[PDB]
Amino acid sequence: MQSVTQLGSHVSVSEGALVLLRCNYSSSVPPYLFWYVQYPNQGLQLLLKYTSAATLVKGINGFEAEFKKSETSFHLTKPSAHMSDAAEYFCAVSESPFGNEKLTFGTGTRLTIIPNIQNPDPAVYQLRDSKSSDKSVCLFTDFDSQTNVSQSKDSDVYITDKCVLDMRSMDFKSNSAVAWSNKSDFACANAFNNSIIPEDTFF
């Protein structure tokens, strides 16, 4: 009889900070543990496997995990988190050293990595719709990672959460959120309102 638990469904850390993902298990027999990663758009891929070979197990993409029998644990670590590390992680257990026979998985942990924005100039921009028709989106961009972005208050006005894009041409990251409507009173100098830094450029 076997089971696995992943305390913490969501972990957010800073870029470059320590990553730690928990996994604990119960097993009436000798256990064998595994870590799987699931990157935004791909399938499940093996990160590392504990086999009885040794106690500290190294894996792919900078990860490591120590098998502690006394504790009941196989925690996943990486010293310096990279943006590319954003994904869901799954811990699993089997009665087979190779994980050939049935795996029992935990509940997963989604890892979110917070960008270090070095030189912020937050602003709000109006972009025109295409084929020379005029519907209006507002882009709130270039803000510090401290800034969160609340839901709308007006129902028929739409605001997305912040999102991070990584230009590797220029080694440059930036956060953004989108607000839009079709209502006559909608304008980009009042679509966002919520802990929004006083030094925003608005034109």
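Numbering starts at 1 and follows the sequence shown.
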(message) Per the record, averaged over C-alpha atoms, which has the higher B-factor: 148-156 or 59-67?
(response) 148-156
(message) Tell me which stretch, 184-192 or 17-25, has the higher mean Cα B-factor listed in the entry.
(response) 184-192
(request) Please work out which residue in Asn100, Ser133, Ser80, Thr107 has the highest C-alpha B-factor recorded for this crystal structure. (result) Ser133
(request) Place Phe172 in the lowest, middle or highest third of its chain's C-alpha B-factors, as listed in the PDB entry. (result) highest
(message) When the deposited Cα B-factors of this chain's modelled residues are ordered and cut into thirds, is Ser73 in the lowest, the middle or the highest one?
(response) lowest
(request) Consider only the C-alpha atoms of the modelled residues in this chain, order them by B-factor as the entry records it, and name the third containing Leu7: lowest, middle or highest. (result) lowest
(request) Could you say whether, by C-alpha temperature factor, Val137 belongs to the lowest, middle or highest third of its chain? (result) highest
(request) Using the B-factor values recorded in the entry, state whether the Cα atom of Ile114 falls in the lowest, middle or highest third among the modelled residues of its chain. (result) middle
